[PDB]
Number of protein chains: 6
Amino acid sequence: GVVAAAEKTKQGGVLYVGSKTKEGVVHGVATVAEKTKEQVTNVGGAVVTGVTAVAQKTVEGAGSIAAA
Amino acid sequence: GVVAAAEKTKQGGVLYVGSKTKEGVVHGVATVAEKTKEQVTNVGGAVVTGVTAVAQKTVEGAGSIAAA
Amino acid sequence: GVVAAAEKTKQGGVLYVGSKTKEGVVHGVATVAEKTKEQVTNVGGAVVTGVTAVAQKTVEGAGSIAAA
Amino acid sequence: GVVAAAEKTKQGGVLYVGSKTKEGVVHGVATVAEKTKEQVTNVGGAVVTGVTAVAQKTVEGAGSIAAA
Amino acid sequence: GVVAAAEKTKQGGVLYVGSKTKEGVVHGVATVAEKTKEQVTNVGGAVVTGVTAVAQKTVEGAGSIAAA
Amino acid sequence: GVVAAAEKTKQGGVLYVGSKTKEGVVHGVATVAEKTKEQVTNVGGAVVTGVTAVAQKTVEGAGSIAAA
């Protein structure tokens, strides 16, 4: 087997973005393989894909991953 | 078997986005493989796929993954 | 097996971006390999993909990963 | 097996970007290899991808990684 | 096996960029190899990719890495 | 086996450069080698890729690395 865990505790801003382009296909996070036995795809934290996407102060949480 | 867990505890903003392209397709997070025996896709945290989607202050939780 | 974990605790700004370009495909973070036995894809913290994407004060959390 | 972890504790801006270029695809962080047995891909901290991306005071957390 | 970790504690501005150039593809940080057994990709701290990208006071956090 | 770690504590600006030149592809930090068994890619601190990119007072945290 394999193990992982996390927790959070706590005890105690303007931004301008105008987008402009005529074309672009976009992929966030990816991998590919033919003839491949153990394709394992793992993702955590904060992630998004968009022709525009913006990351103000985005992560206050915590985390981890493991495999194989 | 295989193991993970978490939970969250606690003891105690302007942004502009204008979209512009007419259409051009987007896929957020994915992976591909022909001829694959141990085909595993695993996902956590905060995720969306959309032509625009935005990540203001998004993650307060916690989490983790394992497989094989 | 493999093990990982993390936590957060706590005890105690203007920016201009105007985009302009005529075309661009964009991929955030990616890798590729044919004929691969142990294809492992892992990501943490904060990452986002867009023809524009901006990272004000983005990470207040903490984290780590391991595999194989 | 392999182990990693981290934590944050705490006890106690004017910038302009004008974008202008006519074309240029962008990729953030990436690597590639054919015939490759143990492709292992890992990332953390704060990283983002676009034709322009700006990193104001962006990292206030902590972390690390290990594999193989 | 292998180990890594880090932490942060704490106890206690104008700049101009106008971009102008006619074309440029840009890649943040990358490496490549055919015929490779132990392809390992690791990144930390703060890094971002753009045809223009600017780093005011970007790191207050801390970190390290190790592998294989 | 292998080990690494670090930490930070604490207890106790005008500049003009406007960009103009006609073309440039730019890569931040990279290396390549075919027929290479132990391709190991590790990076820290802050570095950013852009045809013009400016680093006022950018890294005030700390770190170091080793692998294999």
# chains A, B, ... in the order shown; residues from 1 in each chain; ligands from 1
$ residues_around --residues "stretch 24-31 of chain E" --least-positions-apart "2" --cutoff "8 Å" --atoms "only C-alpha atoms" --output "count of residues only"
34
$ residues_around --residues "residue E:38" --least-positions-apart "6" --cutoff "10 Å" --atoms "only C-alpha atoms" --output "list in words"
residues 36, 37, 38, 39, 40 and 68 of chain D; 68 of chain E; 36, 37, 38, 39 and 40 of chain F
$ write_last_selection --atoms "N, CA, C and O atoms" --output "PDB file, in the first residue's frame"
ATOM      1  N   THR D  36      11.360   6.068 -23.232  1.00  0.00           N
ATOM      2  CA  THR D  36      11.753   6.434 -21.869  1.00  0.00           C
ATOM      3  C   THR D  36      10.902   5.704 -20.816  1.00  0.00           C
ATOM      4  O   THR D  36       9.678   5.867 -20.778  1.00  0.00           O
ATOM      5  N   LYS D  37      11.572   4.901 -19.974  1.00  0.00           N
ATOM      6  CA  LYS D  37      10.905   3.943 -19.088  1.00  0.00           C
ATOM      7  C   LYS D  37      10.210   4.616 -17.909  1.00  0.00           C
ATOM      8  O   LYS D  37       9.024   4.369 -17.658  1.00  0.00           O
ATOM      9  N   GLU D  38      10.936   5.443 -17.166  1.00  0.00           N
ATOM     10  CA  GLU D  38      10.458   6.080 -15.940  1.00  0.00           C
ATOM     11  C   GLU D  38      10.440   7.585 -16.143  1.00  0.00           C
ATOM     12  O   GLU D  38      11.224   8.315 -15.533  1.00  0.00           O
ATOM     13  N   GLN D  39       9.559   8.054 -17.036  1.00  0.00           N
ATOM     14  CA  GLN D  39       9.294   9.493 -17.102  1.00  0.00           C
ATOM     15  C   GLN D  39       8.556   9.886 -15.832  1.00  0.00           C
ATOM     16  O   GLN D  39       7.407   9.483 -15.617  1.00  0.00           O
ATOM     17  N   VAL D  40       9.230  10.667 -14.996  1.00  0.00           N
ATOM     18  CA  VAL D  40       8.664  11.225 -13.771  1.00  0.00           C
ATOM     19  C   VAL D  40       8.709  12.750 -13.835  1.00  0.00           C
ATOM     20  O   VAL D  40       9.774  13.349 -14.035  1.00  0.00           O
ATOM     21  N   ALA D  68      12.323   8.891  -6.973  1.00  0.00           N
ATOM     22  CA  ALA D  68      13.281   7.782  -7.166  1.00  0.00           C
ATOM     23  C   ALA D  68      14.194   7.576  -5.955  1.00  0.00           C
ATOM     24  O   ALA D  68      14.373   6.444  -5.497  1.00  0.00           O
TER      25      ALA D  68
ATOM     26  N   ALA E  68      16.710  11.088  -6.682  1.00  0.00           N
ATOM     27  CA  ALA E  68      17.508   9.887  -7.008  1.00  0.00           C
ATOM     28  C   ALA E  68      18.640   9.612  -6.012  1.00  0.00           C
ATOM     29  O   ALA E  68      18.702   8.534  -5.418  1.00  0.00           O
TER      30      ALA E  68
ATOM     31  N   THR F  36      21.359   9.850 -22.793  1.00  0.00           N
ATOM     32  CA  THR F  36      21.739  10.299 -21.459  1.00  0.00           C
ATOM     33  C   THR F  36      20.784   9.654 -20.447  1.00  0.00           C
ATOM     34  O   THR F  36      19.564   9.800 -20.561  1.00  0.00           O
ATOM     35  N   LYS F  37      21.355   8.934 -19.468  1.00  0.00           N
ATOM     36  CA  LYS F  37      20.610   7.948 -18.681  1.00  0.00           C
ATOM     37  C   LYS F  37      19.869   8.599 -17.515  1.00  0.00           C
ATOM     38  O   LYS F  37      18.709   8.274 -17.248  1.00  0.00           O
ATOM     39  N   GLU F  38      20.541   9.523 -16.830  1.00  0.00           N
ATOM     40  CA  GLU F  38      20.146  10.119 -15.556  1.00  0.00           C
ATOM     41  C   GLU F  38      19.843  11.598 -15.739  1.00  0.00           C
ATOM     42  O   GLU F  38      20.392  12.441 -15.019  1.00  0.00           O
ATOM     43  N   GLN F  39      19.031  11.930 -16.755  1.00  0.00           N
ATOM     44  CA  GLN F  39      18.592  13.316 -16.950  1.00  0.00           C
ATOM     45  C   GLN F  39      17.863  13.810 -15.712  1.00  0.00           C
ATOM     46  O   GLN F  39      16.752  13.376 -15.390  1.00  0.00           O
ATOM     47  N   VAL F  40      18.530  14.732 -15.025  1.00  0.00           N
ATOM     48  CA  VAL F  40      18.095  15.301 -13.757  1.00  0.00           C
ATOM     49  C   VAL F  40      18.014  16.816 -13.924  1.00  0.00           C
ATOM     50  O   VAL F  40      19.024  17.475 -14.202  1.00  0.00           O
TER      51      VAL F  40
END
$ select_by_dssp --residues "chain E" --states "strand (DSSP E)" --output "count of residues only"
22
$ residues_around --residues "residue B:1" --least-positions-apart "2" --cutoff "12 Å" --atoms "only C-alpha atoms" --output "VMD selection string"
(chain A and resid 1 to 3) or (chain B and resid 3 to 4 66 to 68) or (chain C and resid 1)
$ atom_distance --atom1 "atom CA of residue F:42" --atom2 "atom CA of residue C:7"
24.1 Å
$ residues_around --residues "residue E:54" --least-positions-apart "6" --cutoff "10 Å" --atoms "only C-alpha atoms" --output "list in words"
residues 15, 16, 17, 52, 53, 54, 55 and 56 of chain D; 15, 17 and 48 of chain E; 47, 48, 49, 50, 52, 53, 54, 55, 56 and 58 of chain F
$ write_last_selection --atoms "N, CA, C and O atoms" --output "mmCIF file, in the first residue's frame"
data_model
loop_
_atom_site.group_PDB
_atom_site.id
_atom_site.type_symbol
_atom_site.label_atom_id
_atom_site.label_comp_id
_atom_site.auth_asym_id
_atom_site.auth_seq_id
_atom_site.Cartn_x
_atom_site.Cartn_y
_atom_site.Cartn_z
ATOM 1 N N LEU D 15 3.205 48.674 -10.026
ATOM 2 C CA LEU D 15 3.906 48.118 -11.189
ATOM 3 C C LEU D 15 2.994 48.133 -12.421
ATOM 4 O O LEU D 15 1.798 47.847 -12.315
ATOM 5 N N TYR D 16 3.582 48.471 -13.582
ATOM 6 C CA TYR D 16 2.908 48.496 -14.888
ATOM 7 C C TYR D 16 3.526 47.486 -15.862
ATOM 8 O O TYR D 16 4.749 47.469 -16.029
ATOM 9 N N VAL D 17 2.692 46.660 -16.519
ATOM 10 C CA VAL D 17 3.094 45.884 -17.718
ATOM 11 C C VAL D 17 2.153 46.143 -18.902
ATOM 12 O O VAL D 17 0.969 45.779 -18.847
ATOM 13 N N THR D 52 1.900 36.654 -21.483
ATOM 14 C CA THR D 52 2.494 37.438 -20.410
ATOM 15 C C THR D 52 1.923 36.987 -19.072
ATOM 16 O O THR D 52 0.725 36.703 -18.956
ATOM 17 N N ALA D 53 2.802 36.921 -18.076
ATOM 18 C CA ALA D 53 2.458 36.584 -16.702
ATOM 19 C C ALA D 53 3.369 37.368 -15.762
ATOM 20 O O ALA D 53 4.572 37.467 -16.019
ATOM 21 N N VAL D 54 2.804 37.922 -14.683
ATOM 22 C CA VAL D 54 3.535 38.816 -13.772
ATOM 23 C C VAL D 54 3.393 38.308 -12.344
ATOM 24 O O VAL D 54 2.309 37.896 -11.918
ATOM 25 N N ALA D 55 4.509 38.340 -11.610
ATOM 26 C CA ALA D 55 4.692 37.641 -10.334
ATOM 27 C C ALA D 55 5.020 38.653 -9.239
ATOM 28 O O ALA D 55 6.179 38.861 -8.886
ATOM 29 N N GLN D 56 3.975 39.297 -8.716
ATOM 30 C CA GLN D 56 4.102 40.280 -7.640
ATOM 31 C C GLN D 56 4.021 39.585 -6.281
ATOM 32 O O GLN D 56 2.978 39.008 -5.948
ATOM 33 N N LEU E 15 7.954 50.996 -10.703
ATOM 34 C CA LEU E 15 8.748 50.449 -11.812
ATOM 35 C C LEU E 15 7.902 50.424 -13.097
ATOM 36 O O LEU E 15 6.717 50.071 -13.057
ATOM 37 N N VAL E 17 7.464 48.922 -17.043
ATOM 38 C CA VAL E 17 7.750 48.022 -18.196
ATOM 39 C C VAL E 17 6.698 48.157 -19.301
ATOM 40 O O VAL E 17 5.564 47.688 -19.137
ATOM 41 N N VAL E 48 8.118 31.978 -13.687
ATOM 42 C CA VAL E 48 6.969 32.197 -14.575
ATOM 43 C C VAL E 48 7.469 32.460 -15.991
ATOM 44 O O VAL E 48 8.586 32.950 -16.194
ATOM 45 N N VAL F 47 13.952 32.819 -10.913
ATOM 46 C CA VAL F 47 14.306 33.158 -12.296
ATOM 47 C C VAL F 47 13.028 33.165 -13.135
ATOM 48 O O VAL F 47 12.131 32.345 -12.905
ATOM 49 N N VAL F 48 12.936 34.091 -14.093
ATOM 50 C CA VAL F 48 11.749 34.237 -14.931
ATOM 51 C C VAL F 48 12.237 34.459 -16.356
ATOM 52 O O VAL F 48 13.311 35.030 -16.574
ATOM 53 N N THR F 49 11.426 34.029 -17.337
ATOM 54 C CA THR F 49 11.788 34.127 -18.750
ATOM 55 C C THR F 49 10.874 35.127 -19.433
ATOM 56 O O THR F 49 9.644 34.983 -19.400
ATOM 57 N N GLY F 50 11.497 36.131 -20.050
ATOM 58 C CA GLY F 50 10.874 37.088 -20.950
ATOM 59 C C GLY F 50 11.951 37.838 -21.715
ATOM 60 O O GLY F 50 13.082 37.983 -21.227
ATOM 61 N N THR F 52 12.245 40.917 -22.326
ATOM 62 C CA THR F 52 12.655 41.784 -21.230
ATOM 63 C C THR F 52 11.895 41.367 -19.983
ATOM 64 O O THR F 52 10.689 41.102 -20.025
ATOM 65 N N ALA F 53 12.637 41.311 -18.883
ATOM 66 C CA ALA F 53 12.153 40.876 -17.584
ATOM 67 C C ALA F 53 13.067 41.501 -16.540
ATOM 68 O O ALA F 53 14.291 41.488 -16.711
ATOM 69 N N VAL F 54 12.479 42.059 -15.474
ATOM 70 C CA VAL F 54 13.214 42.859 -14.491
ATOM 71 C C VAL F 54 12.894 42.361 -13.090
ATOM 72 O O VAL F 54 11.761 41.984 -12.771
ATOM 73 N N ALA F 55 13.951 42.361 -12.267
ATOM 74 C CA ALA F 55 14.045 41.679 -10.979
ATOM 75 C C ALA F 55 14.495 42.676 -9.909
ATOM 76 O O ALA F 55 15.637 42.613 -9.448
ATOM 77 N N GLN F 56 13.653 43.651 -9.571
ATOM 78 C CA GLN F 56 13.940 44.521 -8.431
ATOM 79 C C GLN F 56 13.656 43.815 -7.101
ATOM 80 O O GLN F 56 12.528 43.378 -6.839
ATOM 81 N N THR F 58 14.175 40.969 -5.714
ATOM 82 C CA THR F 58 13.252 39.858 -6.006
ATOM 83 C C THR F 58 13.304 38.649 -5.049
ATOM 84 O O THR F 58 12.248 38.087 -4.733
#
$ residues_around --residues "residue B:12" --least-positions-apart "5" --cutoff "7 Å" --atoms "only C-alpha atoms" --output "JSON, numbers by chain"
{"A": [10, 11, 12]}
$ write_last_selection --atoms "N, CA, C and O atoms" --output "short mmCIF file (atom, residue, chain, number, x, y, z; two decimals), in the first residue's frame"
data_model
loop_
_atom_site.label_atom_id
_atom_site.label_comp_id
_atom_site.auth_asym_id
_atom_site.auth_seq_id
_atom_site.Cartn_x
_atom_site.Cartn_y
_atom_site.Cartn_z
N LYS A 10 -5.75 27.58 11.71
CA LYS A 10 -5.51 29.02 11.81
C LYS A 10 -5.92 29.53 13.19
O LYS A 10 -7.04 29.25 13.64
N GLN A 11 -5.04 30.32 13.82
CA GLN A 11 -5.15 30.66 15.24
C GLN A 11 -5.29 32.15 15.50
O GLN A 11 -5.92 32.51 16.51
N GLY A 12 -4.78 33.02 14.63
CA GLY A 12 -4.84 34.47 14.83
C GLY A 12 -6.24 35.04 14.85
O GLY A 12 -7.10 34.65 14.06
#
